[PDB]
Amino acid sequence: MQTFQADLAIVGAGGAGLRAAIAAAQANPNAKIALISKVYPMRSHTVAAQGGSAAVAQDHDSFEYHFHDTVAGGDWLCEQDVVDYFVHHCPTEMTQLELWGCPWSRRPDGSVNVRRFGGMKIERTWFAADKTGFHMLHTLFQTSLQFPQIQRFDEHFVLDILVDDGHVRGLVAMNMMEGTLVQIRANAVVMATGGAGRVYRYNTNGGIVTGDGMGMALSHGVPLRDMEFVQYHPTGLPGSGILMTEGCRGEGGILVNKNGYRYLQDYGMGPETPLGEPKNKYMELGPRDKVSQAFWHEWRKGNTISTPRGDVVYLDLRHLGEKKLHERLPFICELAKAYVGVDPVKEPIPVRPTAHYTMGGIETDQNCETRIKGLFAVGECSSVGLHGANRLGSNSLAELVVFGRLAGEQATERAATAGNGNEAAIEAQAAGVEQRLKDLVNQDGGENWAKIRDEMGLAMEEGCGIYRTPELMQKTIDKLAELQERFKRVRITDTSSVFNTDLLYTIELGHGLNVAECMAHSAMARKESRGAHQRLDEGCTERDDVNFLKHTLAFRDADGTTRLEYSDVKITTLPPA
Amino acid sequence: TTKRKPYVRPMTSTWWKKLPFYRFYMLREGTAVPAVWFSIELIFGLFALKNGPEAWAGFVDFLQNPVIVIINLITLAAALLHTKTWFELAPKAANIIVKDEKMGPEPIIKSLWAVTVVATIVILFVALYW
Amino acid sequence: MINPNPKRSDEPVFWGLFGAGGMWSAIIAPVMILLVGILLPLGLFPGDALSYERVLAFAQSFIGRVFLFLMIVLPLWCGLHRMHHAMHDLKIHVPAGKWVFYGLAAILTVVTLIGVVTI
Amino acid sequence: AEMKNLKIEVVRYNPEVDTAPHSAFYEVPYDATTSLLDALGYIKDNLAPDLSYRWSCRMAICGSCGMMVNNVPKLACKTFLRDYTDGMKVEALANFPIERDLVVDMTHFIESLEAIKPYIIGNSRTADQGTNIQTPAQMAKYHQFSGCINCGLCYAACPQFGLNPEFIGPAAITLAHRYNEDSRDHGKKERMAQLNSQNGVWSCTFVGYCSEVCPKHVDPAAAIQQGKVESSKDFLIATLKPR
Ligand code: SF4
Ligand code: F3S
Ligand code: FES
C-alpha cells in the first residue's frame, strides 16, 4: 500500500466528476484534489451524447414551464425542491461552458440556438452539432488542465472507499498499468463513476459502464434508490444497440412495419402527419414509452421484420435527400452504413428499442451528500431525484454540469471540517481491501466469468424491460440469485500483473451482479406502474399515487440479501395530477 | 522494480519502402534532384553563352547527346510531377470562408493550373514566334 | 518531459525561400525544360529565334537578366532544402548539413548572380 | 444459415514473460457485421482470457480502440472482418511503445496534448454577463479542428514522429491551432513558443498520411500548414522585434 493525502478525492472523470474537480479547484485554490478514473478522462461515456443539454434560454420560455415539464415528465416522482434548483441553474452552467469555449452550434446572429427535445412545448436544448456530449467532455477536460490543483490518477481502477465512525476517510485503487495499489486518503469523496446500463444484454452504453460506484456504495450500507426505473431508447441499431438519435426522427424520420404502414397512428398517436410536417407529441415524435410500447404491440402482432440481428421496425429517412441531412444529420449517416450496411438514401435502417439510462442511483440529499457524512455522489451513478420515474431527454448532461459543481463545492467544504478519524481503524480497513481482493485472485473453481456476464445481461433484458410481469421478474431474481452464487466459483486466468483486464473485468461483473439484484427486487415490489416501469399483471397496471408515491430504497445487506425501504416524495407547488 | 518491460520498435531506413503511400511520398521528394541539375545545366548555359559562340555551340552539342536527352525528359517528368503534387498542397494552407462554409481545395487547384496553362503559352510564343 | 521553454527554430527562413522556390519551379519550369531541354537542340523551333545571336539578346537584356537569375536560383533553394531533409528522412548522417546545402545554395546563388551581372 | 470462420493473427507481447512481442493465431467466427473489436472480444472471451486491450464506446467516438491492421493504423472499433478475407495481422498502434499486448503507453501524446495549453486564455467575461457572441461564420474558422478524439492514429502514421519522438505530433498542433483560431481565445502568445520550436510545426515534412487516416475527418495536416504560415508570420514580427 503506497498512500497519498489529498484534500478531496473524485472517483471518475466524464462530465460530472470532471466538473466537480474544477469546482473544488476554485472554491479553494490551495486544495490538493485527486481525480481518479480507470480510463483517460476523455474516453468517458459522456462523449457519446448527441442531443444536448437542456437549459432555459428562450425569451418565451420560463423556469415554471421547465419545472412543470420535468415533474410531470417523471410522473411526480421527482423531489421538487431538488428540481426547482436544477431548473434554475442550468443556464448559468451552460453559459459557463460556452465561456470555457465549448463550441455550441449558433444562430446567424452569433447567439446560442436551441432544439426540440424530450417532449417539451417550449424548446430549450442547447447543442454543439450532433456531437454535444463530446464537445462537453472534451471541453471540461482541457479546461481542468489549467489548474494544477487537480492531480489526475488516470487508469486507476478504484476498489473500495474507506469508512469509519459514520465518515469517509479515503479510498483504495489499483494503478492498472503498474499492477499495484495506492490508497488515497481524503475526507470527502465525490462518487461520479457514472452509469449502470451495461448490466443489460442490449443497450447504448459503452464498455466502462458497469455500476462500480453504485456497488461500493451498497457495501457500506448506503442505499440505491429508484433503482427499478430503467429507461429505454426507441431507436437502437440491432445487435450493438447503438444509438440512432431522436434528432433524426425530429428532422423528418419515419417508423414503419413489414407493410411500412406508418404504425404509431393507432396507439393513441394519431392523427397521421405529412412527410414534411413532423409535429411534437404526435405519431413519430410521439411520447417516449409509447413509441417503445408500440414496438412490442407491433412486435406481438407478427408485424416487426426479422433479421439475424433480431426483430425490428424501420425508421425511414430516405425521403429527406441529402442537404437536409448533412447539415444537421451527418454522423448518423456514417453510423448506418458502418454498423449495419445502410446508406441513409437507398434502404431503411433497422432499429429496435434498446436500453439506455439509469434513473436510479445512490441516495443523496439536495447537496449530493449520502447518509455517510463526507460521501457524495453525482451524475448518472447518483439519485438526487431530478428524474423521479423517467428522465427527460436533454436533462441528463444538464445534470452533470449543474450538480457536479454543487457537489464540487459541498464536498470541498465538508472536507474542511471533518476532524480526524481514527487513523488506526481506517488503515486496517484499507488493510482489508487488500486481503479481500486477494481472496478473489486465488479463487480455484472455473467458471468463465464471460458466461455469467452473457447470462445476467440476458436475464435482465427478458424479465426487467419495457413491459413487466410478475412471473417473469421472479425469474430474473431467481436467475441473478444463481449467478450470484456461481460467481463465488469463477477462477481468473491471468495471474499477470500489468494491465490485467481479465481481473478488472471480473471485479466489475461482480458489481453489476449487485446492481441487478437490486433493480429486480425494486421492481417486483412496485405493484403499480410509473413512467418507465409498466406491469400487466391484473391490479397493477395503473399509476397509483395512493400507495405508490414513494422512492424505493434498496440495501444490500452484510448477509448478502437485498432489502427494501420506502421514503416519501417531497412536494412543493405541483400536487399529483 | 516494475514488472513492466516497455518494448520499443526499430524504425529502419527501409521505412518508406514499406507503404505505397510513403513510396510515393519519397518520390515527390526525389523530384528535387533533377530540379537542381537542370538549374546546373542552365548555369553552364549561362557561362557558355558568354565564353563566346564557339562554346555555346558545344553546350548545344552536349544537349544533342542522346544520354543527356533521356535524362532531360526525365527532368521534365519530375517537374510535371512536382507541379501536379505541389498544386494540390498549397491550397491546404489557406483557410478561406465563402457563403458561410469554409472552402475547399477544388477551386484553387483550378487556377494554379490555369495560370500554368497560360504562362506555358505566353512563354512559348515569346521564345518561338515573335 | 516536454521542456517548458523551447528554442524558436530558425526554419521559417529556408522554408520561406523554398515556398517561392516550389511555386516558381511549378508554373514556369516545365515549359523551359521543353525549350532548353528538348526544343532547342532538337532543332524544332521556327527560323533563327533560338540561336546564339537571339538568346544572347534576351540574356543580355535586363528582364531576361532578372529572369535567368530567378529561374536558376529558386529552383536551387527549393530542391536543396528538400534533399536536406530528404537526407534525414532516410537516416543518413551528413556532417554539418545545414551549412553544406544552404551553403552550396549560396555559393551557387553567387556564381549565378555573377554571370548575370557580367553579361 | 451457417457462419464463416476468419483466422486472425494478433501480436502478443508480455513484459513479465516474453522478451519480444510475438505472433499468435486465433480463429474467429464471423458475419457481415463483425468488427475487429468484436473479434478481439470473442478471443478473450473464449480462447484467450489473457489478451488485454483498450475499448469503450463501440461506435468510433471515444478514441480508445486504435491499433494496427496489416500495417495500417485503425480503430478495432470500426474495422470489419469482411474486408480481410485473404488475411489479417493486428499489431499494437505503431510509433508508441508496447506495454502489453495491444495496449501502448500514450503518455507523450498526453504530455503534448497538455503542453500547448488547450484552453481559452484571457477572456474576461463571466456568466452573469451572458455567453460571448460568435457567428456561424467565426465558428467555421476552427470548427473541423475540434473533432479530434485523441485516438492517436495520426501519431502512428507520421514517420516524422517515428524518427523524432520529441516532436509534439499532428493532433497536438491541431488541437492547439483550434484554440488559436477560435475567436474567443486570447492566449496565442501563450501557445506559439512551442509551435515555433524544431519539435513544434517545423518537424513536419508534409507527408500527409495523418490526414489520410483520421477517423473523424479533421485533416491534421491542413492544421499544421496553417501552423507554419503562422509560425513564420511570428518569426518575421520578431525579426522586427528585438526592440
Ligand atoms: S487528429 Fe484524427 S487521427 Fe489524430 S488523434 Fe485526432 S482523431 Fe485521431
Ligand atoms: S503525416 Fe506527418 S509529416 Fe506532417 S503532414 Fe502529417 S504530421
Ligand atoms: S471503442 Fe470507442 S473508438 Fe472504438
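Note that chain D carries Swiss-Prot numbering, so the residues on display, from first to last, are 2-244.
Placed from the backbone N, Cα and C atoms, the Cβ positions cover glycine too.
Pulled from Swiss-Prot, these are the features on record:
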type: BINDING; residues: D:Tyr14, D:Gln226, D:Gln227, D:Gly228, D:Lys229; note: menaquinone binding site
type: BINDING; residues: D:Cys58, D:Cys63, D:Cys66, D:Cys78; note: [2Fe-2S] cluster binding site
type: BINDING; residues: D:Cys149, D:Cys152, D:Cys155, D:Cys215; note: [4Fe-4S] cluster binding site
type: BINDING; residues: D:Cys159, D:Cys205, D:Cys211; note: [3Fe-4S] cluster binding site
type: DOMAIN; residues: D:16-97; note: domain '2Fe-2S ferredoxin-type'
type: DOMAIN; residues: D:140-169; note: domain '4Fe-4S ferredoxin-type'
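Recorded features from Swiss-Prot, shown on the structure.
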{"residue": "D:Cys58", "record": "[2Fe-2S] cluster binding site", "Cβ within 10 Å": "26"}
{"residue": "D:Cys63", "record": "[2Fe-2S] cluster binding site", "Cβ within 10 Å": "30"}
{"residue": "D:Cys78", "record": "[2Fe-2S] cluster binding site", "Cβ within 10 Å": "26"}
{"residue": "D:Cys149", "record": "[4Fe-4S] cluster binding site", "Cβ within 10 Å": "24"}
{"residue": "D:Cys155", "record": "[4Fe-4S] cluster binding site", "Cβ within 10 Å": "28"}
{"residue": "D:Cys159", "record": "[3Fe-4S] cluster binding site", "Cβ within 10 Å": "28"}
{"residue": "D:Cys211", "record": "[3Fe-4S] cluster binding site", "Cβ within 10 Å": "28"}
{"residue": "D:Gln227", "record": "menaquinone binding site", "Cβ within 10 Å": "21"}
{"residue": "D:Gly228", "record": "menaquinone binding site", "Cβ within 10 Å": "23"}
{"residue": "D:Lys229", "record": "menaquinone binding site", "Cβ within 10 Å": "23"}
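Taking the Cβ of D:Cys205 ([3Fe-4S] cluster binding site) as reference, residues of its chain lying under 8 Å away and at least six apart in sequence are, in sequence order, D:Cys159, D:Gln161, D:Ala222, D:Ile225, D:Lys229. Counting every protein chain shown, the number of other Cβ atoms lying within 10 Å of the Cβ of D:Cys152 ([4Fe-4S] cluster binding site) is 29.
Listed in sequence order, the binding-site residues among D:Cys58, D:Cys63, D:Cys66, D:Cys78, D:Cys155, D:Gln226 whose CB lies under 6 angstroms from an atom of ligand 3 come out as D:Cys58, D:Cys63, D:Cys66, D:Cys78. For the pair formed by D:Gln227 (menaquinone binding site) and D:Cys211 ([3Fe-4S] cluster binding site), distance between Cα atoms is given as 15 Å, rounded to the nearest Å. One way to see the shell of the [3Fe-4S] cluster site is to take the Cβ centroid of D:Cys159, D:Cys205, D:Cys211; the remaining same-chain residues with a Cβ within 8 Å of it are D:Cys155, D:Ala158, D:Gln161, D:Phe162, D:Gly170, D:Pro171, D:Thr206, D:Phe207, D:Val208, D:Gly209, D:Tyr210, D:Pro221, D:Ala222, D:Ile225. Sequence-distant contacts of D:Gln226 (menaquinone binding site), defined by Cβ-Cβ distance under 8 angstroms and a gap of at least six in the same chain, are D:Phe207. Here the binding-site residues are D:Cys66, D:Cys215; the one with the fewest Cβ atoms within 10 Å of its Cβ is D:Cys215. Counting every protein chain shown, the Cβ of D:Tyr14 (menaquinone binding site) has 22 other Cβ atoms within 10 Å. In sequence order, the binding-site residues near D:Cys211 ([3Fe-4S] cluster binding site) (Cα within 10 Å of its Cα) are D:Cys155, drawn from D:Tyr14, D:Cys58, D:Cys63, D:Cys152, D:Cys155, D:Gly228. Only D:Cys63, D:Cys66, from the binding-site residues D:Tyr14, D:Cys58, D:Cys63, D:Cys66, D:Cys78, place their Cα within 10 Å of the Cα belonging to D:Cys152 ([4Fe-4S] cluster binding site). Filtering the binding-site residues D:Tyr14, D:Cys63, D:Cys66, D:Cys159, D:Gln227 for a Cβ under 8 angstroms from any Cβ of chain A leaves D:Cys63, in order along the sequence.
With a CB cut-off of under 6 A applied against ligand 1, the binding-site residues D:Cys149, D:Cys152, D:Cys155, D:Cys215, D:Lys229 are reduced to D:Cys149, D:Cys152, D:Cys155, D:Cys215. Candidate binding-site residues: D:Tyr14, D:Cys159, D:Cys211, D:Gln226, D:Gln227, D:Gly228. Those with a Cβ under 6 Å from ligand 2, in sequence order, are D:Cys159, D:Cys211. Note: D:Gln226, D:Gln227, taken in sequence order from the binding-site residues D:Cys152, D:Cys211, D:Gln226, D:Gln227, have a C-beta within a distance under 8 Å of a chain B C-beta. In sequence order, D:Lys229 are the binding-site residues among D:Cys149, D:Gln226, D:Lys229 whose C-beta falls under 8 Å from a C-beta of chain C. The domain '2Fe-2S ferredoxin-type' (D:16-97): residue composition by secondary structure is 17 helix, 22 strand, 43 coil, according to DSSP. Apart from D:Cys149, D:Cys152, D:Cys155, D:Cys215, the residues listed for [4Fe-4S] cluster, the same chain places the Cβ atoms of D:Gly64, D:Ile150, D:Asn151, D:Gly153, D:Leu154, D:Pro171, D:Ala172, D:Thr175, D:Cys211, D:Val214, D:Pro216, D:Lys217, D:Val219, D:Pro221 within 8 Å of the centroid of those Cβ atoms. Nearest to D:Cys155 ([4Fe-4S] cluster binding site) in space, judged by Cα atoms and limited to the binding-site residues D:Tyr14, D:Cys58, D:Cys66, D:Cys78, D:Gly228, is D:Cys66.
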